[PDB]
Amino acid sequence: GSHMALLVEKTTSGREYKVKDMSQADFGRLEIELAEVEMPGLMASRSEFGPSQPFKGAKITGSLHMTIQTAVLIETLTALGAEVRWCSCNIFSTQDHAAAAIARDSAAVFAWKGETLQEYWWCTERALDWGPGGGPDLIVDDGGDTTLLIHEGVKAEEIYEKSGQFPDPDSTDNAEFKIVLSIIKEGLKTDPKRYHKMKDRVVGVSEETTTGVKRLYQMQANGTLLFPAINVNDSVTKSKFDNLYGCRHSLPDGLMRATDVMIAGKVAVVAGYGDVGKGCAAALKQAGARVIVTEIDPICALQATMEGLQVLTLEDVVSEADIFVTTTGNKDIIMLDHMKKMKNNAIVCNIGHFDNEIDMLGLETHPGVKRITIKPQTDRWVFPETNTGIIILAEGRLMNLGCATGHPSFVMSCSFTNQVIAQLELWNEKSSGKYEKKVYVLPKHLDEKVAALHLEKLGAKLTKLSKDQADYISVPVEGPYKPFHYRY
């Protein structure tokens, strides 16, 4: 045993956890109570499905950011009868009071704000380690890390079974992957069939985000996907709400908390004009920034221009802009070369994925550079050539979750009601043959249902078609109301 080894603790009831400070649980509970009222989709799910306990006997592992919002989700799953283990899908996204309340009251949770990468992958392993009764039956994933671990696990287990050999980190120069290989290697010593049992038992994964979904289709394409997946991201009531309106809320929140910078009057660059970029551009524009968009897609670019935004390449604006936000799901958007051209105290952040939209590696190794931490997740990197700095948020990781609290409860209720519906579907069809080792989306009538569940809370009064009218536009009175390919 390492002096510093990571060890699980247990509640008085013997449920495992590792969180920052259990003493935060009362605070967590207070904010969860407030969130419940803001999440009518999740609460209606509890009312409708609670009494029939549809998840009885089901074991669910989840990776969604361990926020107050995720708490209300977790407690919806447990209210429906599920047993649950959880981790966060980001080193900075956990809200420690939410983690503590869940660990105390409802589920095993391995999560805290300000994890190391080593601690992060440990947490992922623990969320997946159900012990001798086995599991999980079901996965809720956000970004595909959990799913990746299982797939790399099964691979490592096959090599092991057939040649007795273990993974070797020296085999990779990717620092995070070195971590992953080491975790799997030590895992082989404790249960060298962990992942194979998992893959024979897992009924499905529901995946929350665009980047995760892209990973899944790749795995389908190359025939490596080990089980059914529901693409929750592409529900309309997710993509067109969470990705768009959620960022419109949480991008400015992240900037304000992290820097207290005035947005009005500034020039802000948004790289990407998909759903996330549209929402970020809107916030910035609405706050009185002059927004310039970068894009690779001419349709998206043309949309930006119609909204009165300038579209240029980063090179055109790098020396002039005050705020830079990456929204692409791509890599190598803002490179060291760019960063060197930025004005003193330019703010640089990523709200897309991972840590590679911004060139943090090149920044680290810039000779003479000096990192000055202003406060947690606000860092000023000082360039010696100029004695000026740039302000990096959340070390290049998701800035909204890292520097503030992510999206608000109401819009996450939309996303998370889809997650519940997705889990209920996978589970209800465990023995059906209906889902293969492919990626599926939820049908439109359920997508509409999610929206309907949220209207009353806002006092929105929907019109009802007459039969005559429904006949005329050839839709049933109760919907669905739009064609399959409708874009909203």
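Residue numbers here begin at 1 and follow the sequence given.
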Averaging the C-alpha temperature factors as deposited, the higher value of 394 to 402 versus 167 to 175 falls on 167 to 175
Please compare 110 to 118 with 275 to 283 and say which has the higher mean C-alpha temperature factor in the record. 110 to 118
Say you rank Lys266, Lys238, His353, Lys340 by Cα B-factor from the PDB entry; which sits at the top? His353
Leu426 by Cα B-factor - lowest, middle or highest third of the modelled chain: highest
Relative to the other modelled residues of the same chain, rank the CA B-factor of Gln218 and answer lowest, middle or highest third. highest
C-alpha B factor of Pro132, ranked within the chain: lowest, middle or highest third? highest
In terms of the CA temperature factor given in the entry, to which third of its chain does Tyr160 belong: lowest, middle or highest? highest
Compare the C-alpha B factor of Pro384 with those of the other modelled residues in its chain, then answer lowest, middle or highest third. middle
